[PDB]
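Chains as they are written, first to last, in our numbering: chain A, 2 to 93; chain B, 55 to 146; chain C, 2 to 108; chain D, 2 to 108; chain E, 681 to 759; chain F, 681 to 759; chain G, 5 to 13; chain H, -6 to 97; chain I, 37 to 134.
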Amino acid sequence: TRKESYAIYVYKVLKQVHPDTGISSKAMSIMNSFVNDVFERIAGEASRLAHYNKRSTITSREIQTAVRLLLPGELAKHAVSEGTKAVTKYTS
Amino acid sequence: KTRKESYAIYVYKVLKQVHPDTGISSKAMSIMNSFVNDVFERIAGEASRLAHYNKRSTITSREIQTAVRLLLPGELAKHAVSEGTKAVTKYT
Amino acid sequence: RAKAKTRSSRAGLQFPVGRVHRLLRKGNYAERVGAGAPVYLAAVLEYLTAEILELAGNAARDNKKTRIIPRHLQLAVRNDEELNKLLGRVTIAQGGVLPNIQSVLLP
Amino acid sequence: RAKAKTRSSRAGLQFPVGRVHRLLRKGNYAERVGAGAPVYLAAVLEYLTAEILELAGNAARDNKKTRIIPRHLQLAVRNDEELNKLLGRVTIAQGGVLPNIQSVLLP
Amino acid sequence: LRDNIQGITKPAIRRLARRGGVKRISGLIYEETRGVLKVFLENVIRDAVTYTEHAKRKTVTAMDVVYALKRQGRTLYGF
Amino acid sequence: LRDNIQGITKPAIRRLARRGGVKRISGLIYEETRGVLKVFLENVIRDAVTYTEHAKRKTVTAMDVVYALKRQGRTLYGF
Amino acid sequence: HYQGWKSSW
Amino acid sequence: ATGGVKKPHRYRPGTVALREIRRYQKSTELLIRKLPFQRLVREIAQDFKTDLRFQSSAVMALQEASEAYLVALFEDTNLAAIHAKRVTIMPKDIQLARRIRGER
Amino acid sequence: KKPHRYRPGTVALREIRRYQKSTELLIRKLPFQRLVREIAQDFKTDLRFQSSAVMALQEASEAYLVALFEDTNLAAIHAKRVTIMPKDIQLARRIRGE
DNA sequence: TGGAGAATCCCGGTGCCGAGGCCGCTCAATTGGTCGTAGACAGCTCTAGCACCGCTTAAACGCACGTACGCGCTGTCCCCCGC
DNA sequence: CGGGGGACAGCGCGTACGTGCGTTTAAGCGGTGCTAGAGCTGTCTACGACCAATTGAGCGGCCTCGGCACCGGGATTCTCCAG
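Written out as C-alpha cells, the structure is:
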C-alpha cells in the first residue's frame, strides 16, 4: 500500500530555508493538513473561476486569481512574484 | 438574443400548485432563482467532496441524501429526503 | 422512436430532472453521475421552493398583498428558525430585517 | 525515455508538480488542467510553507528549541495579522493561544 | 473624487441605526462606521476587481459582485 | 451513560477559561458552557454519523471529523 | 409666516 | 392657541426614535443615496485598477450588501449596548462586535 | 496556619500565564469520550469511535471553547465588568450567528 | 523595607522515543508521438456605461435649549476566590 | 470555611445629541450626446488528453541517535506584607 503525503517535500523546504532546525511528527501532520487545505481552497476557487466564464481549463491566470483572492495582501503579492518567477523559469 | 438557462416556469408551476392566487415580483423571483442556484452549488460541492472522500467516481441519490442531511439542519432536511424517497419510489 | 415523456412527470415532480442532470454533468462535480441523483436533487429543490413560497404567501396574506415581494421572502426566511439556521450567512436584497424592538427600549 | 528530469526542478521548486497535476485530475475540478497552473500552485505552496516554517523556527529560537512543535506552529500562525486574517476560521490542534494580558486585568 | 468619504451622511448612518434597532446614537459612531464600511467595501471591491481581471473585463458585473460576496461567506441573493 | 453531561468538569471549564484569559468566573458560567458544548458536540457528532453512514461504516474515523469541521467552517489540522 | 417655530399654523 | 405661549408637541428623546424603528424596519427601502455611494466606490478604486467601470446592477448589489452588513453590525452594536447596561452605542462596541465576528 | 493566602485575582493570572502558553490538554479524555458515547446513543446505535477521531473532537471542542471564552471575557470587559456571565455567552452566540 | 510562601527558572545528568538518515522497488513520475479541441485573436455590431445640465425638494448642515442616559463615587452582602 | 471585592442599585453631576427649525445643496428625474469595450462569431493554432515505454525518487522498512522530557539539586522572582 501507499500513502500520499507532502512530508518529505516540506522537509526539503525546511532544510532549504532553515538548515539548523527540525520538525516533529504531529507538526508534520499539521503541515500536511495545512497544505491539503490550502490546495483544496485554491483548487476549488480556480475551478469556480473556470466554471463562471464557461472555461473548461485551469491556466496560470486561474491560480493567479485564486491566490489574489484567498491569500491576503503582502503574502499574496509575494506568492504572485514567486509564481511568476517559477513560470519564467519554466519558459526559459 | 442567446438562450439563457433559468428556473422560471418550474418555480412558477410550483407556486401555482401551492398558492393558486399568489404571484411573485421580478426581484423576489431573482432572489428565489439565486437561492435555488446556491443550494444546488452547495449540495453539488458536498456530494463531490463526499465522493472524493470515498474514492467514488459516481454520485448517486445517496450522495444527495447525505448532502441534504449535512447542510440542512433539523427536521427540515428529513421531510426533504422523505420527498426524495418517494421521488425514487415514483421513479422506479 | 416513441412518445417523449419527461422524467419529472414520471417521478411526480415539477422541477426538471434533465436540466439538473445537465448542470451536474457540466459542473464537473464528479466523473460519473447516477440516475437518481438529479431526481433527488430536483425533489429537494422543489420541496424547499414550495415551503419557502408557502411561508412567503402566509406572511403576505395578512399584509393584504397577493404578490411575493423581497420583503415577504426576507420575513419568511428569518421568521422560520430552521430557515434562519440554514441561511445563516445569506443576505437577501431589498428585504431589510425583522421589525422587533427590545423590551428595554420600550418605556 | 532518455533522461527523466523532474519538472519541479526545471522551475526550481522543491514542491512536486506531477503530484499536484494528478490530484487536480483526480478531483475532476476541470476538464483540462494546464501546465503552468500546477507549477504556480506548487510555488505558492512552497512560499507559504517556507514562511510558516521560518516563523515557527523564529518562535522556537525565542523559546530555545530546535524542533518545531505544534505550539510553535500555532504561535507562528497567530503572531502576525496576515496569517490571522488568512487562517481566521482555521484552528490548529495541540496548540493554545497568545499569552496576552489585558491592562484592566493587571493589578 | 479625491475626498468623498463624507458622502455617507450622518442622518444616513442614523437611518442605518434605526433599521438596526438602535435607540440612541452617539457622535463618535459615525467615523468608525464609515471606517468599517470603507474597509468592507474596499475588500469586496478588490475581490470584484480580481474577478474582472480574471476574464479580461474592464467593467464590474453584479454576478461577480455576488460571487465575491459568496467567497467571504456573505452571499447576496437577487442579482 | 444516560446522564453524562456532568462528566464535563467544572474546574476543567475553569482551566478552559484560564486558557482564554478569563480572570473572574461566575457560578452560572459552568451550566451554560456545558449546554453550548453539548449542542456543538451533538451537531459535530451528527455530521460525523452522517459522514460515516454514507460510507457504510460503523466506526467514525478522524477524517470524518475533519470533513464535518470543514463543513461548518471550523477546519482543524493534524488529522 | 412661522416666526421662530412652526406652532399651530 | 397652544394652551397659551407654549411649544411644539416636543416628543421626549427616544419616542420618535422607536417610531423611526417601527416605520423604517418594514418599508425595506434604501438608506444610503446612490450617487454618494457610487462616488465612494470610485474613490476606493483609485489605489486599484484605475480605468475601471461599474455597472448599475453591480453598484446596486454592492450598496445592498454593504447596507445589510451595516444594519447587522448595528444590531450587534445595539445588543452590545444593552449588554453593557446602556442605550447609546459606542465605537468600542463596534470594535467588540468586529473582533468577536472575526473582522477586527 | 496560612500566613498568606494570595489575594483573589492574582492566582487566576498565574493560571492564565501558565495555561495560555501550555501545550497539554485540559478536558479529561474518559468523560469526554463517555459524553461522546451518550450523544451518539441518541443517533444511530452500535457506533464506535477510534482514538484519532476522539482526539480530533476533543481538540476542536477545546479550541471552540477557548475562542468562546475569549469572546466572553472581551464582552465582560466591554460591559465595565471582570466576571463572565452566561448572558455574555448568549450575546457572543447571537453576534457570531451560532 | 528586609523576611516568608509559593512559584518559576536554571543546571547537570539520564531515559528514551520518536527523529533523522540509508537501501530495494515500484508505481507514480517523466518522455515522446498524434489530434480533436478549447483557447487566443481579430474584425463586426451596439449595449449599456460615462458625461453635462435645468430644477426641485426632500435629505442634509448647523444652530438653540433640555433632559436622560453616561459617567463618577459609595455600600451591601452575596457571590467568588484561596486553601 | 474564612476573607475579598465588586455587581447592582442608588445618588448626583453633566453634557450632547434629540428634536425641531432655519437654511443649503445635491440626488434624482429626465434628457441628450459620446463612446469603450461586452458579445459574437469565424479562423488559426498550440495544448492537454491519451497511450506506450522507461526510468527514478518517495514509500516501506530498518538502524542508530540526540534532543525532548523528566528527576535530583541550587537560586531569581511575584505577592503580600506590616513597617
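Backbone N, C-alpha and C fix where the C-beta goes; we use that ideal spot for every residue, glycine too.
If you follow the alpha helix (DSSP H) that D:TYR41 is in, where does it begin and where does it stop? 37 to 63
For the beta strand (DSSP E) containing E:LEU756, name the first residue and the last one. 755 to 757
For E:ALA735, would you say it is in contact with chain H, using Cβ-to-Cβ distances shorter than 8 angstroms as the test? no
Separation of I:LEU110 from H:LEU89, as counted between CA atoms: 7 angstroms
At least one CB of chain F closer than 8 angstroms to the CB of A:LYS27: is that the case? yes
Tell me which residue opens and which closes the alpha helix (DSSP H) that I:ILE125 is part of. 122 to 132
Output yes if chain B places a C-beta closer than 8 angstroms to the C-beta of C:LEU46; else output no. yes
Rounded to a whole number of angstroms, what is the C-alpha to C-alpha distance between A:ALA77 and I:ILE75? 43 angstroms
Here's the rule I'm using: 16 or more other beta-carbon atoms within 10 Å means buried, otherwise exposed. How should B:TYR61 be labelled? buried
Considering only their Cβ atoms, is the gap separating A:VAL68 from A:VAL81 smaller than 8 angstroms? yes
Under 7 angstroms from the C-beta of D:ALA51: neighbouring residues of chain I: Chain I residues near D:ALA51: none, gap ~25 angstroms exceeds 7 angstroms.
Run down chain F in chain order and give the residues with a C-beta less than 8 angstroms from the C-beta of D:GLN15. Here the premise fails: no neighbours, minimum Cβ distance about 21 angstroms.
Partners in chain H for I:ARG132, counting only beta-carbon separations shorter than 9 angstroms: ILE93, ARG94 and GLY95
Mapping the DSSP letters down to three states, classify D:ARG33 as helix, strand or coil. strand
Thinking just about the alpha-carbon of each residue, which of C:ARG72, C:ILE69 and C:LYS86 is nearest to the one in F:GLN752? C:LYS86
Pairs of beta-carbons, one from the segment 692 to 699 of chain E and one from the segment 59 to 70 of chain I, closer than 8 angstroms: are there three or more? no
Determine, using beta-carbon pairs with one atom in the segment 50 to 68 of chain C and one in the segment 63 to 80 of chain B, whether at least three such pairs fall under 8 angstroms. yes
Quick check: is the beta carbon of F:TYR747 nearer than 8 angstroms to any beta carbon in chain B? yes
Can you pull the chain G neighbours of H:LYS0, defined as C-beta to C-beta under 9 angstroms? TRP9 and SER11
In the DSSP assignment, the beta strand (DSSP E) including C:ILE93 goes from what residue to what residue? 91 to 93
Answer with buried or exposed for D:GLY97, where buried requires no fewer than 16 other C-beta atoms within 10 angstroms of its C-beta. buried
Would you tell me roughly how many angstroms separate the C-alpha atoms of D:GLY19 and B:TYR107, rounded to the nearest one? 21 angstroms
Could you tell me the alpha carbon to alpha carbon distance between C:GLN15 and B:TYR64, rounded to whole angstroms? 6 angstroms
Going straight from the alpha carbon of C:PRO100 to that of H:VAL64, what length do you get? 12 angstroms
Which value, in whole angstroms, describes the spacing of the CA atoms of F:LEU756 and D:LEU76? 15 angstroms
Measure the CB-CB distance between A:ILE43 and D:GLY35 and report whether it falls below 8 angstroms. no
DSSP state of D:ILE102, grouped into three classes? coil
Spell out whether any CB of chain B is found under 8 angstroms from the CB atom of C:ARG79. no
Measuring only the C-alpha atoms, how far is E:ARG682 from H:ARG32? 10 angstroms
Three or more C-beta pairs below 8 angstroms linking the segment 24 to 32 of chain D and the segment 48 to 61 of chain H: no
So, C:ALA94 versus H:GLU57, is the Cβ gap smaller than 8 angstroms? yes
Measuring CB to CB, does F:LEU708 end up less than 8 angstroms from I:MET121? yes
Give the straight-line distance between the Cα atoms of B:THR56 and A:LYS55, rounded to the nearest whole angstrom. 14 angstroms
Measuring straight from C-alpha to C-alpha, what distance separates F:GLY758 and A:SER34? 6 angstroms
So, are the CB atoms of D:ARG72 and I:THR59 less than 8 angstroms apart? yes
Contact with chain F by D:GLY97, beta-carbon distance below 8 angstroms: yes
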